[PDB]
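Following: one structure in structure tokens, then a few remarks.
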Amino acid sequence: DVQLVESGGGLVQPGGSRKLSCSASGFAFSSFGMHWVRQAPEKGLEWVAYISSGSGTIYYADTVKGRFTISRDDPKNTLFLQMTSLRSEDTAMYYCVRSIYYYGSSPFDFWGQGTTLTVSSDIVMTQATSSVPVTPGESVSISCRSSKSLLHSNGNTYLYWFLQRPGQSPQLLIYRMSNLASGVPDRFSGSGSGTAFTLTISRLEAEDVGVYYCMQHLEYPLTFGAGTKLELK
Amino acid sequence: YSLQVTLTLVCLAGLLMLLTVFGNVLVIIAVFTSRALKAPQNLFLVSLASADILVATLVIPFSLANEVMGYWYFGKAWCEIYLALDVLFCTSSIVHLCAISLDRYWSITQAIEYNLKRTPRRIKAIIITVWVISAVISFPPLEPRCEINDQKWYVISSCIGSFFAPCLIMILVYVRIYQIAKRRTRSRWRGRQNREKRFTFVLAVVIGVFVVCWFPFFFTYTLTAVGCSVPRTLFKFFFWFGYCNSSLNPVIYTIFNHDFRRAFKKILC
Amino acid sequence: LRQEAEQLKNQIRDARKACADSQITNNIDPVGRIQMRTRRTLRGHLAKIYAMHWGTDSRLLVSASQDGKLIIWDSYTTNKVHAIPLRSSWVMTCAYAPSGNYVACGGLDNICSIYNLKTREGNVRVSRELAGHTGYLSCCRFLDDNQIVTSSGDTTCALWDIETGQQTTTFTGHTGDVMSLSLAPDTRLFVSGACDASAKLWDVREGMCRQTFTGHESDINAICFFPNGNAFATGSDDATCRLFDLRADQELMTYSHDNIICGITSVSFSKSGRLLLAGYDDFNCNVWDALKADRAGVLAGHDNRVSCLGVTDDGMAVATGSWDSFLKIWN
Amino acid sequence: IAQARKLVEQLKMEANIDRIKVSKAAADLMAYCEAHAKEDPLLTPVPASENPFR
Amino acid sequence: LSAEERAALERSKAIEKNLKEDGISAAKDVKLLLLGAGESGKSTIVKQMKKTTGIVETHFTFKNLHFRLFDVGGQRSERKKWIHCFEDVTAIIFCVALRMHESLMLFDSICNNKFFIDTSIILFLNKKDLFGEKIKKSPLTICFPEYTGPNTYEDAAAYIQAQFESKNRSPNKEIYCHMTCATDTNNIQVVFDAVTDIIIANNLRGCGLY
Ligand SMILES: Cc1cccc([C@H](C)c2c[nH]cn2)c1C
């Protein structure tokens, strides 16, 4: 199948230098736009940087400009990200995510394994509460409060959801807040309005427990919600 | 002075400028958006038509303003520029004609190896080169009676570079092509003889309109420059003849191509 | 006992002649002046093109050309979703799956090629190479995601199974080159063309032709089913479109005009079955009324001849494309 | 021999036809087209708004 | 104007650029189509080069010109329907040898068409030694009317070449000919010369000046 193996991280003193390499296999990497996403060791998600499939368009996060650079080489099937002047805040584990963009596309479909790294306006969405006790066999509802309406003139609703297994790499549930991703049971079903977004899960089971996230794609830069975690009390 | 006839003069000059701009925009529109016409060959014609548009829309107004009032109503600026633009555009036109004829000859002779290199890259490079060389030729020296420069060193070099080399190159190339075509074409003979006479006629008219239009003025300009100065009043007519040729040239190339003429017919009606 | 055949033929001739008795519903208002304009200019191709098809989304259309490239356009924004490089350059047909997951094409290679769209690797590739025919292919259609129906130049039409990869059945009896096979909306019957001015309906399960219609003078080149699934119209090199009904078993409306002297390359109905579109081997796309029998609709351009044209499932727009490598969307 | 043996058997299947009358067939056709004429936009042009093509 | 269809559109532009590059690379070669009639014809030519029931394409290489040669030999179907696609092809190849001379009228039929006209024809007479050894003997016949010529040998060959020709009813057609004995390698060279000649003629016809 598709495998993303990355290992370029390590404990680096503040102000040092390091490089990150995410190796791609099992698919045509040369025709995909590639993403960098990091997660704090305690909680939180954020977007690091994105590189186009043709590498003709580059972006970076607010606190990344002037410190980190990105580059990919197609024949080597690997992405190069350089960590320069790393700070004490940079201690977090990362993720390299693939994407593709055309009509009826599903970006951020497959996620990598991640690397361990240690040291020494724009629309924002909030999720509350972050913990709800649930029982198997009972439907649950999830909502993500957004700031600005995401309904573009194209009739679309640029929003995506995700689910992180406890201790495992996160994966996608609903794309464009209305459709179903591949390999996903039909029980899940996204919903919501232009500004208010609701997630519906019917017949919840003991293997779907985890942490949910909401993410928008209407305008760069990206951002991530607080997240909600479930339990099997 | 032509106190009263200036109305007729300006009317005929405006007619000339509108006709030439009409023909040039028509040929540009025709060469665009036409699958059969799509070929690297036509880029030289496109550049020639563009230079013909710019010369007509720039030089003709100011030259018209001159010699109808007898006074340089503008300031010292920007007459220098004006002269530089006027020589640059004339040389552009001439050397684009040179380049298109040279490319055809290159295509007709040694066909097996040549068809290989006709890539928009090379042809765009040639267009850049011709624009540069024209600009280099036009670069020096960069009541008021701001008239054409007459520097002895500049006049002769500019004259030869603008006229003599392209003319001899056209003569040599087209004589060679006519000889080859006659040799190859040594009961439908009606036929072969008619085709022979027709292509002889078209080559003759193409090589003849250019020379009959440009030879008089450059001949007179070469005269009175370093040699004996015997000018007359018809210098103005000789001057205009160049703009007449600029107006003329686009058609003499568009008429003798069946698919090009069909595209013209479609676009007109 | 061959004379019994030609006596039976006279029997059925008298039968059809008696079962019918132009002068009906002629009082209805004419369609009037109908004019279409170009809205998009799909200018990606390089060489002549032959066939195109509309997806079930009425969004993506695929066309084939001599250069050997299939293009999935975005009719709304004139983009290029995919560009498939072919194995055999020469192609005369293409087809779009109802599920939108597969696309198929074939030509002089005498083999139908089926492609895949949705995959983990995100790149298109072949799926099966159907090789049962010994003549040039004419057109392909998808009964469903698992069965394909095709018509070759061997005077034979065969139904296949992509997963099996073998001819599950074969239809024959036209005694001439069969072209332009079009499935019916019911997806249980279809009618195919022939080189001898004959059309035959076929059964997708039983395996033998049900009816055989005649009456034309020369070769036919196009056929398509009516939206009701109870009729069809056929185009031919005789510059004539003739409408046949299986219930009537006789021609209904012979569309003709003295001025036109040309052939026919493709036809297609409208959403409501009132506009009868067609593509002539000329510099236009003649449009005819359903049953009012008047040469009403005329479309200008483009420069070269016209090969194919196809109406969307919803009727928002129509598409065209021919040997000049340009595709126009008329609304 | 084989061609006649096949054609004779084939022709009776086509002979076994009703046939439905052309008058009522045409009536059904006109009724259907008139009934469905309210949907396709080529007859009556739709407003420029809600048109996917500008 | 929106985030992601911006990426979709740049993908579209990259696809268009790749397509144009592939097209400009592919249209660089030359294409000759040969449709030998009858039997004992094109087999020798195709053998002279140095998954069935379909057209076979042969690729050649000579003086930096690789040739794409198509022979519709296995096509048992009618010519009018599939014959047309070859329209934009530089030169045709015609092979005949040596009664059953319906190929004579077939040549006229292929040379006269509503399209396809403005194309030169390179016809081959691949069986010459067989004809010669047949003509030393007196068949004779000749099963033609008013031949009224010498029996052997170049005279009869020239009369045959005058026949099977002269049916060109259009100008600007350059019909070629050759004397192939099924044992010579000169066929590639003469084909190359014919191709070069028709390219020059074409180019001259293009402004043209013809
Ligand atoms: C050297 C040179 C360059 C450009 C133009 C000209 C002539 C005088 C002219 C002016 N107006 C149109 N033709 C010359 C001589």
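By convention in this document, the chains of the structure tokens carry letters A, B, ... by their order, each chain's residues are numbered from 1, and ligands are numbered from 1 in the order they are shown.
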
(message) What residues of the protein or nucleic acid chains come within 7 Å of ligand 1 when you use only C-alpha atoms and all ligand atoms? Reply as a PyMOL selection string.
(response) chain B and resi 86-91+158-159+162+218+221+239-240+242-243

Would you kindly return, as a PDB file with N, CA, C and O atoms, in the first residue's frame, each protein, DNA or RNA residue with an atom no farther than 8 Å from any atom of residue 268 (chain C), considering only C-alpha atoms and excluding same-chain residues fewer than 2 positions away?
ATOM      1  N   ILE C 223     -26.927   6.278 -34.614  1.00  0.00           N
ATOM      2  CA  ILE C 223     -28.205   5.853 -34.060  1.00  0.00           C
ATOM      3  C   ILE C 223     -28.180   6.171 -32.574  1.00  0.00           C
ATOM      4  O   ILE C 223     -27.122   6.152 -31.939  1.00  0.00           O
ATOM      5  N   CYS C 224     -29.345   6.499 -32.023  1.00  0.00           N
ATOM      6  CA  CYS C 224     -29.449   6.797 -30.603  1.00  0.00           C
ATOM      7  C   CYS C 224     -30.881   6.558 -30.158  1.00  0.00           C
ATOM      8  O   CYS C 224     -31.816   6.645 -30.957  1.00  0.00           O
ATOM      9  N   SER C 266     -23.157  11.931 -36.623  1.00  0.00           N
ATOM     10  CA  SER C 266     -23.617  11.618 -35.276  1.00  0.00           C
ATOM     11  C   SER C 266     -24.936  12.328 -35.021  1.00  0.00           C
ATOM     12  O   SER C 266     -25.186  13.408 -35.560  1.00  0.00           O
ATOM     13  N   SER C 270     -32.851  15.258 -27.389  1.00  0.00           N
ATOM     14  CA  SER C 270     -32.881  16.256 -26.333  1.00  0.00           C
ATOM     15  C   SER C 270     -33.424  15.634 -25.052  1.00  0.00           C
ATOM     16  O   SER C 270     -33.822  14.468 -25.016  1.00  0.00           O
ATOM     17  N   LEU C 276     -33.826  17.367 -32.136  1.00  0.00           N
ATOM     18  CA  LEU C 276     -33.127  16.237 -32.739  1.00  0.00           C
ATOM     19  C   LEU C 276     -31.819  16.754 -33.325  1.00  0.00           C
ATOM     20  O   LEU C 276     -31.783  17.238 -34.459  1.00  0.00           O
ATOM     21  N   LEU C 277     -30.748  16.652 -32.548  1.00  0.00           N
ATOM     22  CA  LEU C 277     -29.461  17.181 -32.961  1.00  0.00           C
ATOM     23  C   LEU C 277     -28.742  16.197 -33.873  1.00  0.00           C
ATOM     24  O   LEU C 277     -28.976  14.987 -33.826  1.00  0.00           O
ATOM     25  N   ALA C 278     -27.856  16.731 -34.709  1.00  0.00           N
ATOM     26  CA  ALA C 278     -27.106  15.909 -35.644  1.00  0.00           C
ATOM     27  C   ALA C 278     -25.833  16.632 -36.048  1.00  0.00           C
ATOM     28  O   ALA C 278     -25.754  17.862 -35.991  1.00  0.00           O
ATOM     29  N   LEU C 309     -21.217  14.638 -31.404  1.00  0.00           N
ATOM     30  CA  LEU C 309     -21.907  15.588 -30.542  1.00  0.00           C
ATOM     31  C   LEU C 309     -22.766  14.809 -29.556  1.00  0.00           C
ATOM     32  O   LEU C 309     -23.373  13.800 -29.919  1.00  0.00           O
ATOM     33  N   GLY C 310     -22.804  15.281 -28.312  1.00  0.00           N
ATOM     34  CA  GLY C 310     -23.529  14.588 -27.265  1.00  0.00           C
ATOM     35  C   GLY C 310     -24.206  15.503 -26.264  1.00  0.00           C
ATOM     36  O   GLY C 310     -23.586  16.424 -25.729  1.00  0.00           O
ATOM     37  N   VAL C 311     -25.476  15.246 -26.000  1.00  0.00           N
ATOM     38  CA  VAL C 311     -26.275  16.046 -25.082  1.00  0.00           C
ATOM     39  C   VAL C 311     -26.129  15.484 -23.677  1.00  0.00           C
ATOM     40  O   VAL C 311     -26.046  14.266 -23.488  1.00  0.00           O
TER      41      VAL C 311
END

(request) Report the residues of region 119-272 of chain C whose backbone DSSP state falls under strand (DSSP E or B), written as a ChimeraX atom specification. (result) /C:125-130,137-142,148-152,156-161,166-172,182-183,189-192,199-203,209-213,220-225,232-236,241-245,250-255,264-268

Within 8 Å of chain E, which residues belong to chain B? Use only C-alpha atoms and report them as a PDB file with N, CA, C and O atoms, in the first residue's frame.
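Contents of part.pdb, as written:
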ATOM      1  N   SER B 107      14.817  26.885 -45.188  1.00  0.00           N
ATOM      2  CA  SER B 107      13.872  25.776 -45.205  1.00  0.00           C
ATOM      3  C   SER B 107      13.868  25.075 -46.556  1.00  0.00           C
ATOM      4  O   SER B 107      13.813  23.842 -46.620  1.00  0.00           O
ATOM      5  N   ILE B 108      13.919  25.840 -47.646  1.00  0.00           N
ATOM      6  CA  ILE B 108      13.873  25.228 -48.971  1.00  0.00           C
ATOM      7  C   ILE B 108      15.130  24.410 -49.228  1.00  0.00           C
ATOM      8  O   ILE B 108      15.061  23.265 -49.687  1.00  0.00           O
ATOM      9  N   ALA B 111      16.656  20.554 -46.747  1.00  0.00           N
ATOM     10  CA  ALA B 111      15.451  20.200 -45.994  1.00  0.00           C
ATOM     11  C   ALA B 111      15.566  19.069 -44.955  1.00  0.00           C
ATOM     12  O   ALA B 111      14.933  19.138 -43.902  1.00  0.00           O
ATOM     13  N   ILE B 112      16.347  18.032 -45.245  1.00  0.00           N
ATOM     14  CA  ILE B 112      16.463  16.893 -44.325  1.00  0.00           C
ATOM     15  C   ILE B 112      17.002  17.241 -42.932  1.00  0.00           C
ATOM     16  O   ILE B 112      16.487  16.746 -41.928  1.00  0.00           O
ATOM     17  N   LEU B 116      14.521  19.967 -38.667  1.00  0.00           N
ATOM     18  CA  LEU B 116      14.706  19.642 -37.278  1.00  0.00           C
ATOM     19  C   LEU B 116      14.703  20.849 -36.322  1.00  0.00           C
ATOM     20  O   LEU B 116      14.062  20.805 -35.305  1.00  0.00           O
ATOM     21  N   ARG B 188      -1.694  18.278 -68.995  1.00  0.00           N
ATOM     22  CA  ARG B 188      -1.449  18.995 -67.747  1.00  0.00           C
ATOM     23  C   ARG B 188      -0.200  19.868 -67.794  1.00  0.00           C
ATOM     24  O   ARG B 188       0.268  20.326 -66.745  1.00  0.00           O
ATOM     25  N   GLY B 191      -0.732  24.803 -67.068  1.00  0.00           N
ATOM     26  CA  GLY B 191      -0.514  23.545 -66.388  1.00  0.00           C
ATOM     27  C   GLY B 191       0.830  23.790 -65.724  1.00  0.00           C
ATOM     28  O   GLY B 191       0.962  24.698 -64.893  1.00  0.00           O
ATOM     29  N   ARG B 195       1.946  27.349 -64.030  1.00  0.00           N
ATOM     30  CA  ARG B 195       2.510  27.425 -62.686  1.00  0.00           C
ATOM     31  C   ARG B 195       3.878  28.095 -62.704  1.00  0.00           C
ATOM     32  O   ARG B 195       4.207  28.886 -61.809  1.00  0.00           O
ATOM     33  N   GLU B 196       4.690  27.784 -63.716  1.00  0.00           N
ATOM     34  CA  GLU B 196       6.004  28.404 -63.832  1.00  0.00           C
ATOM     35  C   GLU B 196       5.883  29.916 -63.956  1.00  0.00           C
ATOM     36  O   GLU B 196       6.530  30.670 -63.216  1.00  0.00           O
ATOM     37  N   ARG B 198       3.389  31.776 -63.124  1.00  0.00           N
ATOM     38  CA  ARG B 198       2.781  32.352 -61.931  1.00  0.00           C
ATOM     39  C   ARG B 198       3.803  32.533 -60.816  1.00  0.00           C
ATOM     40  O   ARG B 198       3.843  33.587 -60.167  1.00  0.00           O
ATOM     41  N   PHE B 199       4.643  31.522 -60.566  1.00  0.00           N
ATOM     42  CA  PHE B 199       5.584  31.699 -59.466  1.00  0.00           C
ATOM     43  C   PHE B 199       6.679  32.679 -59.852  1.00  0.00           C
ATOM     44  O   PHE B 199       7.173  33.424 -58.995  1.00  0.00           O
ATOM     45  N   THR B 200       7.054  32.722 -61.134  1.00  0.00           N
ATOM     46  CA  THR B 200       7.978  33.756 -61.580  1.00  0.00           C
ATOM     47  C   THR B 200       7.403  35.138 -61.307  1.00  0.00           C
ATOM     48  O   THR B 200       8.090  36.020 -60.777  1.00  0.00           O
ATOM     49  N   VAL B 202       5.095  36.008 -59.059  1.00  0.00           N
ATOM     50  CA  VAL B 202       4.950  36.350 -57.646  1.00  0.00           C
ATOM     51  C   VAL B 202       6.308  36.663 -57.029  1.00  0.00           C
ATOM     52  O   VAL B 202       6.444  37.614 -56.249  1.00  0.00           O
ATOM     53  N   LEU B 203       7.342  35.891 -57.375  1.00  0.00           N
ATOM     54  CA  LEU B 203       8.669  36.219 -56.870  1.00  0.00           C
ATOM     55  C   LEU B 203       9.113  37.580 -57.384  1.00  0.00           C
ATOM     56  O   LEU B 203       9.704  38.374 -56.639  1.00  0.00           O
ATOM     57  N   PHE B 256      -0.361  35.523 -51.175  1.00  0.00           N
ATOM     58  CA  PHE B 256       0.086  34.375 -51.961  1.00  0.00           C
ATOM     59  C   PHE B 256       0.168  33.100 -51.136  1.00  0.00           C
ATOM     60  O   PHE B 256       1.044  32.262 -51.359  1.00  0.00           O
ATOM     61  N   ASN B 257      -0.735  32.924 -50.177  1.00  0.00           N
ATOM     62  CA  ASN B 257      -0.815  31.700 -49.392  1.00  0.00           C
ATOM     63  C   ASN B 257      -2.275  31.285 -49.308  1.00  0.00           C
ATOM     64  O   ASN B 257      -3.095  32.010 -48.735  1.00  0.00           O
TER      65      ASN B 257
END

(request) Return the single residue from C:250, C:286, C:212, C:304 that is closest to chain B, with distances computed using only C-alpha atoms. (result) C:304

(request) May I have the residues within 12 Å of residue 158 (chain A) as an MDAnalysis selection string, using only C-alpha atoms and disregarding those fewer than 5 positions away in the same chain? (result) (chainID A and resid 106:107 146 148:153 174:179 192:195 197 214:220 222) or (chainID E and resid 2:5)

(request) Using only C-alpha atoms, find the one residue out of D:9, D:14, D:35, D:24 that sits nearest to chain C. (result)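 Using only C-alpha atoms, chain C sits closest to D:14.
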
(message) Env of region 8-22 of chain B: 8 Å cut, atoms = only C-alpha atoms, seq-sep filter 6 positions within chain, self excluded. Answer as a PyMOL selection string.
(response) chain B and resi 52-53+56-57+60+64+244+246-248

Dump N, CA, C and O atoms for the selected residues as an mmCIF file, in the first residue's frame?
data_model
loop_
_atom_site.group_PDB
_atom_site.id
_atom_site.type_symbol
_atom_site.label_atom_id
_atom_site.label_comp_id
_atom_site.auth_asym_id
_atom_site.auth_seq_id
_atom_site.Cartn_x
_atom_site.Cartn_y
_atom_site.Cartn_z
ATOM 1 N N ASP B 52 5.418 47.203 -37.758
ATOM 2 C CA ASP B 52 4.674 48.042 -38.685
ATOM 3 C C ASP B 52 3.545 48.805 -38.008
ATOM 4 O O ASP B 52 3.280 49.951 -38.383
ATOM 5 N N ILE B 53 2.867 48.196 -37.036
ATOM 6 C CA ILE B 53 1.850 48.912 -36.274
ATOM 7 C C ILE B 53 2.476 50.054 -35.490
ATOM 8 O O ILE B 53 1.994 51.193 -35.526
ATOM 9 N N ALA B 56 3.772 53.052 -37.592
ATOM 10 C CA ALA B 56 2.664 53.835 -38.119
ATOM 11 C C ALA B 56 2.022 54.683 -37.032
ATOM 12 O O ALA B 56 1.716 55.861 -37.254
ATOM 13 N N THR B 57 1.818 54.110 -35.846
ATOM 14 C CA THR B 57 1.076 54.837 -34.822
ATOM 15 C C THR B 57 1.953 55.830 -34.066
ATOM 16 O O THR B 57 1.425 56.700 -33.365
ATOM 17 N N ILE B 60 4.227 58.597 -37.818
ATOM 18 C CA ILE B 60 3.392 59.342 -38.762
ATOM 19 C C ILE B 60 2.781 60.595 -38.146
ATOM 20 O O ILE B 60 2.794 61.646 -38.806
ATOM 21 N N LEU B 64 3.934 64.115 -39.667
ATOM 22 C CA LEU B 64 2.853 64.888 -40.264
ATOM 23 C C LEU B 64 2.808 66.292 -39.681
ATOM 24 O O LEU B 64 2.644 67.272 -40.414
ATOM 25 N N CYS B 244 4.863 54.331 -47.279
ATOM 26 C CA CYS B 244 4.043 53.625 -48.257
ATOM 27 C C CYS B 244 4.418 52.150 -48.312
ATOM 28 O O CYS B 244 3.547 51.272 -48.329
ATOM 29 N N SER B 246 5.903 50.464 -45.909
ATOM 30 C CA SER B 246 5.488 49.870 -44.645
ATOM 31 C C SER B 246 4.018 49.480 -44.689
ATOM 32 O O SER B 246 3.636 48.402 -44.221
ATOM 33 N N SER B 247 3.181 50.345 -45.259
ATOM 34 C CA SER B 247 1.765 50.026 -45.406
ATOM 35 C C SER B 247 1.553 48.840 -46.339
ATOM 36 O O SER B 247 0.729 47.962 -46.060
ATOM 37 N N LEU B 248 2.259 48.883 -47.467
ATOM 38 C CA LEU B 248 2.227 47.892 -48.575
ATOM 39 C C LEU B 248 2.662 46.476 -48.147
ATOM 40 O O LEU B 248 1.929 45.511 -48.357
#

Taking the DSSP assignment computed from this structure's backbone, write out as a short mmCIF file (atom, residue, chain, number, x, y, z; two decimals) with N, CA and C atoms, in the first residue's frame all residues of region 12-163 of chain E that belong to alpha helix (DSSP H).
data_model
loop_
_atom_site.label_atom_id
_atom_site.label_comp_id
_atom_site.auth_asym_id
_atom_site.auth_seq_id
_atom_site.Cartn_x
_atom_site.Cartn_y
_atom_site.Cartn_z
N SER E 12 -3.79 22.04 -13.86
CA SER E 12 -4.29 22.04 -15.22
C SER E 12 -3.26 22.66 -16.17
N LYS E 13 -2.64 23.76 -15.76
CA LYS E 13 -1.62 24.39 -16.60
C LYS E 13 -0.42 23.47 -16.78
N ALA E 14 0.01 22.80 -15.71
CA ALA E 14 1.12 21.86 -15.84
C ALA E 14 0.77 20.73 -16.80
N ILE E 15 -0.46 20.23 -16.71
CA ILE E 15 -0.92 19.18 -17.63
C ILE E 15 -0.88 19.69 -19.06
N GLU E 16 -1.35 20.92 -19.28
CA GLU E 16 -1.35 21.48 -20.63
C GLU E 16 0.07 21.62 -21.17
N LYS E 17 1.00 22.07 -20.32
CA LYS E 17 2.38 22.21 -20.76
C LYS E 17 2.99 20.87 -21.12
N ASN E 18 2.75 19.85 -20.28
CA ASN E 18 3.25 18.51 -20.58
C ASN E 18 2.65 17.99 -21.88
N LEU E 19 1.36 18.22 -22.09
CA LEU E 19 0.70 17.77 -23.31
C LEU E 19 1.28 18.45 -24.54
N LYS E 20 1.52 19.76 -24.46
CA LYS E 20 2.09 20.47 -25.60
C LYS E 20 3.50 19.98 -25.90
N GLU E 21 4.29 19.73 -24.85
CA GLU E 21 5.63 19.19 -25.07
C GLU E 21 5.57 17.83 -25.76
N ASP E 22 4.68 16.95 -25.28
CA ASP E 22 4.57 15.64 -25.90
C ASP E 22 4.12 15.75 -27.35
N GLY E 23 3.18 16.65 -27.64
CA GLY E 23 2.73 16.81 -29.01
C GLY E 23 3.81 17.34 -29.93
N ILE E 24 4.55 18.35 -29.49
CA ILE E 24 5.60 18.90 -30.33
C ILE E 24 6.72 17.89 -30.52
N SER E 25 6.93 17.01 -29.55
CA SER E 25 7.92 15.94 -29.74
C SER E 25 7.41 14.89 -30.72
N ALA E 26 6.12 14.54 -30.62
CA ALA E 26 5.59 13.43 -31.42
C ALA E 26 5.42 13.82 -32.88
N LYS E 42 3.37 -6.70 -50.45
CA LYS E 42 3.99 -5.97 -49.35
C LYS E 42 4.80 -6.86 -48.42
N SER E 43 4.66 -8.18 -48.51
CA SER E 43 5.40 -9.06 -47.62
C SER E 43 6.90 -8.87 -47.80
N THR E 44 7.37 -8.80 -49.05
CA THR E 44 8.79 -8.60 -49.29
C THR E 44 9.26 -7.27 -48.73
N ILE E 45 8.47 -6.21 -48.93
CA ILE E 45 8.87 -4.89 -48.46
C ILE E 45 8.97 -4.86 -46.94
N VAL E 46 7.96 -5.41 -46.26
CA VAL E 46 7.98 -5.37 -44.80
C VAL E 46 9.09 -6.25 -44.25
N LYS E 47 9.37 -7.38 -44.91
CA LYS E 47 10.53 -8.18 -44.53
C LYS E 47 11.82 -7.40 -44.74
N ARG E 79 -12.93 -0.93 -46.83
CA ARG E 79 -12.01 0.20 -46.87
C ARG E 79 -12.56 1.61 -46.60
N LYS E 80 -13.75 1.92 -47.11
CA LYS E 80 -14.30 3.27 -46.97
C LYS E 80 -14.43 3.78 -45.54
N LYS E 81 -14.88 2.93 -44.62
CA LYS E 81 -15.02 3.33 -43.21
C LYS E 81 -13.76 3.61 -42.37
N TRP E 82 -12.78 2.71 -42.43
CA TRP E 82 -11.55 2.88 -41.65
C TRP E 82 -10.39 3.46 -42.47
N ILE E 83 -10.59 3.55 -43.78
CA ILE E 83 -9.59 4.07 -44.70
C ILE E 83 -9.23 5.54 -44.50
N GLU E 102 -7.10 -6.47 -61.54
CA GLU E 102 -8.02 -5.50 -60.95
C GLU E 102 -7.28 -4.48 -60.10
N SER E 103 -6.03 -4.78 -59.71
CA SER E 103 -5.22 -3.77 -59.04
C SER E 103 -5.03 -2.54 -59.92
N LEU E 104 -5.10 -2.72 -61.24
CA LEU E 104 -5.01 -1.58 -62.15
C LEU E 104 -6.11 -0.57 -61.86
N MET E 105 -7.36 -1.03 -61.76
CA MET E 105 -8.45 -0.11 -61.45
C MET E 105 -8.46 0.28 -59.98
N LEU E 106 -7.96 -0.60 -59.11
CA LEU E 106 -7.86 -0.25 -57.70
C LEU E 106 -6.92 0.93 -57.49
N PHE E 107 -5.85 1.01 -58.28
CA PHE E 107 -4.95 2.15 -58.19
C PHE E 107 -5.68 3.45 -58.53
N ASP E 108 -6.50 3.41 -59.57
CA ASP E 108 -7.29 4.56 -59.97
C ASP E 108 -8.28 4.93 -58.86
N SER E 109 -8.88 3.91 -58.24
CA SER E 109 -9.86 4.13 -57.18
C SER E 109 -9.22 4.80 -55.97
N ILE E 110 -8.03 4.35 -55.57
CA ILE E 110 -7.39 4.98 -54.42
C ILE E 110 -6.85 6.36 -54.78
N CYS E 111 -6.38 6.54 -56.02
CA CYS E 111 -5.82 7.83 -56.40
C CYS E 111 -6.89 8.90 -56.58
N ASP E 129 12.50 -9.92 -61.45
CA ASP E 129 13.20 -11.10 -61.96
C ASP E 129 12.22 -12.17 -62.41
N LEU E 130 11.13 -12.36 -61.65
CA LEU E 130 10.10 -13.31 -62.06
C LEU E 130 9.49 -12.90 -63.39
N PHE E 131 9.18 -11.61 -63.55
CA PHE E 131 8.63 -11.14 -64.81
C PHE E 131 9.62 -11.34 -65.95
N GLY E 132 10.90 -11.07 -65.71
CA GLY E 132 11.90 -11.26 -66.75
C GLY E 132 12.01 -12.71 -67.18
N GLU E 133 12.12 -13.62 -66.21
CA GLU E 133 12.21 -15.03 -66.56
C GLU E 133 10.91 -15.54 -67.18
N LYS E 134 9.79 -14.88 -66.90
CA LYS E 134 8.55 -15.22 -67.58
C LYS E 134 8.53 -14.70 -69.01
N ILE E 135 9.22 -13.59 -69.27
CA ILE E 135 9.12 -12.95 -70.57
C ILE E 135 10.17 -13.45 -71.56
N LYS E 136 11.25 -14.09 -71.09
CA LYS E 136 12.11 -14.80 -72.03
C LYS E 136 11.34 -15.90 -72.74
N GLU E 154 12.80 -4.29 -71.95
CA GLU E 154 12.57 -2.94 -71.46
C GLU E 154 11.41 -2.28 -72.18
N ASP E 155 11.19 -2.62 -73.45
CA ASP E 155 10.05 -2.05 -74.17
C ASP E 155 8.73 -2.47 -73.53
N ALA E 156 8.58 -3.76 -73.24
CA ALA E 156 7.37 -4.24 -72.58
C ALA E 156 7.24 -3.65 -71.18
N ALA E 157 8.35 -3.58 -70.45
CA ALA E 157 8.30 -3.01 -69.10
C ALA E 157 7.87 -1.55 -69.14
N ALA E 158 8.40 -0.79 -70.10
CA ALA E 158 8.04 0.61 -70.23
C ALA E 158 6.58 0.77 -70.65
N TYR E 159 6.09 -0.11 -71.52
CA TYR E 159 4.67 -0.05 -71.86
C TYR E 159 3.81 -0.33 -70.64
N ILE E 160 4.21 -1.30 -69.82
CA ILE E 160 3.46 -1.58 -68.60
C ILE E 160 3.49 -0.38 -67.67
N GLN E 161 4.65 0.26 -67.54
CA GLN E 161 4.77 1.41 -66.66
C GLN E 161 3.96 2.60 -67.17
N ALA E 162 3.89 2.77 -68.49
CA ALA E 162 3.00 3.78 -69.06
C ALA E 162 1.55 3.46 -68.74
#

(request) Write down, as a ChimeraX atom specification, each residue of chain B that has any atom within 9 Å of an atom of chain C, counting only C-alpha atoms. (result) /B:35-36,266
